[PDB]
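# how would this look folded up:
(chains A and B)
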Amino acid sequence: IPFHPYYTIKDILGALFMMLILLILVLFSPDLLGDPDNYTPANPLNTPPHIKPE
Amino acid sequence: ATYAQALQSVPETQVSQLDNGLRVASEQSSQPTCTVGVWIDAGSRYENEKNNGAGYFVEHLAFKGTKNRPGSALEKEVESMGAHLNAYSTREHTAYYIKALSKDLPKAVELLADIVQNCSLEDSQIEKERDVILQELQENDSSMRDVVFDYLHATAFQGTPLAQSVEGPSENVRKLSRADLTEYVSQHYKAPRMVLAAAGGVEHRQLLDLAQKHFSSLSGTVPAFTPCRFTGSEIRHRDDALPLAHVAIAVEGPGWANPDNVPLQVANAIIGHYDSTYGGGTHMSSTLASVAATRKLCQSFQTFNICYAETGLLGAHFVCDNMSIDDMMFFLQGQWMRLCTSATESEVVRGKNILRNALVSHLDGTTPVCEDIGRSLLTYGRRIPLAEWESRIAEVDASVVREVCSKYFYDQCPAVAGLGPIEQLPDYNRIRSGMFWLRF
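Numbers count the residues shown, from 1 in each chain, chains lettered A, B, ... in the order given. Pasting the structure now:
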């Protein structure tokens, strides 16, 4: 089937859903996937209790 | 003669009416020949699913034999006096016309009664004609134009009698019996839905006398059809083994009377027609035709205005190779939208002249004139004189075309029937989106 009449609108719907999830994340719980210790100035003389990556 | 006195001088077609309702109509002239025919208001549109194809069967059986003229005797009279007997049955009309010398008009009319009133419908003849109709159906499968037009009617009037083909399904052909044919001729060849139309050197008084002497003993004084529902769809009979791909796209057109017929034809005359073996080609003023000739997109195209009593199909049918359907569909939709959005005076004048030529040149010779008489009396209820056609075309202008095409083409769901290597054919969403312009 041609891409334009069908999959452009399908992709628009997909983008809408992804924007829903991303905007929920940013607006309601921004520091959900992050780590609170990242809100501390970097001090090379002391380490955080845990060292985990993203 | 300034083409005004010419139109005014065309002989008037006298129309009368018998007590049975026979609308006897004739158009006298000076030729020594004549065409006298009977136009029935029968056809596949008046046939249910079971009875479908009975009209074609009856038409086939019409000339074989009659009760008064057993078998070839009916043929014997036709040839021995040089007459050409012929019949044609479309979706909403039937006709039997016998071209013959003006002297033999008394005989021909009598035969025309015998064919219509006292048929034979012999059972062995029915079997033979059943076989013949089956082979004729296999013949009709060959050419793509008729197949595509039947597909268009099926997909545009789905669920309605108009979708039915004229010949009917092959199933009905085998299962149609003599009782069905007798009932069909009894309830569809009734006197009120009859037009005895004659052209050439026949005087109306003589025609009336002959009709009153031979057609008097006909029906006295019901399946009066139902308004069919246009349903924009698409049928794709993808068959890549075929050489060329036939496409036909049509929108719901006007009715038979529906004065908008006069503008639309003019609009269609703007698009015109073209094929490979034409003349000027890349210089023809039809933009679509010029593009087709320049880029060799198609081997043919035409604009049709098939119009029935309450509805009709208005659109274009084109035959092109397997890898030019998209481009020509685009250009066709572009021409349509250009006409709806901006018609321009000069193209309208060209269309008016072209339509004048259509109506005038088509009405020459006894056979087309008689056919026009029958069809007009059946559909319009009168015979629209050529002067009236001239006035109606003269009233058309650029604004009228721009409005009438807009009412029928712009943002309307079309019906598409493609057959052959039609992979290139755009998806129905693209075709529908072609009907409207984001620049307008």
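
# which residue is the nearest non-sequential neighbour of residue B:74?
Using Cβ to Cβ, 6 or more residues apart in numbering or on different chains and skipping the chain neighbours, the partner closest in space to residue B:74 is residue B:66 (5.5 Å). Backbone N, C-alpha and C define where each C-beta goes, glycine included.

# how many residues are close by the one you found?
Per other Cβ atoms under 10 Å in any protein chain shown, the neighbour tally for residue B:66 reads 21.

# quickly list what it is bridged to.
Judged by DSSP bridges, the bridge partners of residue B:66 are residue B:119.

# please report how far it lies from residue B:122.
11 Å (Cβ to Cβ, to the nearest Å).

# which SSE is the closest residue to chain B within chain A in?
Minimum separation of chain A from chain B (Cβ to the nearest Cβ) falls at residue A:5, amounting to 3.7 Å. According to DSSP states H and E, residue A:5 maps onto helix A:3-28.

# kindly report the same for residue B:331.
Residue B:331 is located in helix B:325-341, with elements delineated by DSSP H and E.

# got the angle for the helix or strand just after that helix vs helix B:325-341?
Helices and strands here follow DSSP H and E; after helix B:325-341, the next one along the chain is helix B:345-362. Angle, helix B:345-362 to helix B:325-341, by axes from the mean of the first three to the mean of the last three Cα atoms, to 10 degrees: 100 degrees.

# need the residues that contact helix B:345-362.
Applying Cβ atoms under 8 Å, 6 or more residues apart in numbering or on different chains, the set of residues contacting helix B:345-362 from outside is B:262, B:265-270, B:272, B:285, B:339, B:368, B:372, B:386, B:389-390, B:393-394, B:396-398, B:401.

# spatially central, which residue of chain A would that be?
Residue closest to the average C-alpha location in chain A (Cα atoms, centre = their mean): residue A:22, at 6.0 Å.

# ok, residue B:105 - how many residues close by?
Using other Cβ under 10 Å, residue B:105 is surrounded by 22 other residues.

# that one touches residue B:35, doesn't it?
No - no contact is recorded between residue B:105 and residue B:35 when judged using Cβ atoms under 8 Å, the distance being 10.2 Å.

# which neighbours do those two share?
Common neighbours of residue B:105 and residue B:35, counting by Cβ under 8 Å, 6+ apart, are residue B:198.

# tell me the helices and strands packed up against the one helix or strand residue B:152 maps to.
Counting by DSSP H and E, the element that carries residue B:152 is helix B:144-156. Counting contacts by 3 or more Cβ pairs under 8 Å, 6 or more residues apart in numbering or on different chains; DSSP states H and E, helix B:144-156 packs against strand B:234-238, strand B:245-252, strand B:313-320, strand B:415-420.

# could you identify the helix or strand that succeeds it?
According to DSSP H and E, the helix or strand after helix B:144-156 is helix B:170-175.

# and the residue of the stretch 301-440 of chain B found nearest chain A, helix, strand or coil?
Here the stretch 301-440 of chain B gets closest to chain A at one residue, residue B:429, 3.7 Å apart by Cβ to the nearest Cβ. Classification of residue B:429 by DSSP: H, G, I helix; E, B strand; the rest coil places it in helix.

# who touches it in this structure?
Taking Cβ under 8 Å, 6+ apart, we find residue B:429 in contact with A:2, A:5-6.

# of those residues, just the buried ones, PyMOL syntax please.
The buried residues among those can be selected in PyMOL (16 or more other Cβ atoms under 10 Å in any protein chain shown) with this line:
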select buried, chain A and resi 5
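
# quick check: closest non-adjacent residue to residue 37.
Assuming you mean chain A. Spatially, and ignoring its direct neighbours in sequence, residue A:37 is nearest to residue A:48 (4.3 Å; Cβ to Cβ, 6+ apart).

# oops, wrong one, chain B.
In this structure, residue B:37 finds its nearest non-sequential neighbour in residue B:97, 2.8 Å apart by Cβ to Cβ, 6+ apart.

# part of a strand, is that neighbour?
Yes - under the criterion used here (three-state DSSP), residue B:97 sits inside a strand.

# so how far is the helix or strand hosting residue B:404 off the chain centroid?
Using DSSP H and E, residue B:404 sits in helix B:398-408. Centroid separation for helix B:398-408 versus its chain: 24 Å, with Cα atoms, centre = their mean, to the nearest Å.

# residues touching it, excluding its own?
B:251-254, B:260, B:263-264, B:266-267, B:270, B:314, B:336, B:339-345, B:347-348, B:351.

# ok, of the residues you listed, which come out buried?
When these are checked for burial by 16+ other Cβ under 10 Å, the buried set is B:251-254, B:260, B:263-264, B:266-267, B:270, B:314, B:336, B:339-340, B:343, B:347-348, B:351.

# helix/strand/coil for residue A:52?
What three-state DSSP gives for residue A:52 is coil.

# can I assume it is in contact with residue A:36?
No - look at residue A:52 against residue A:36 with Cβ under 8 Å: they stay out of range, at 11.7 Å.

# just to be sure, residue B:436 is in a strand?
No - counting by three-state DSSP, residue B:436 is located in no strand; its state is coil.

# and for the nearest residue to it once chain neighbours are set aside, the neighbour number?
Distances taken as Cβ to Cβ, 6+ apart place residue B:411 nearest to residue B:436, at 4.6 Å, with adjacent residues excluded. A total of 12 residues lie near residue B:411 under the criterion other Cβ under 10 Å.
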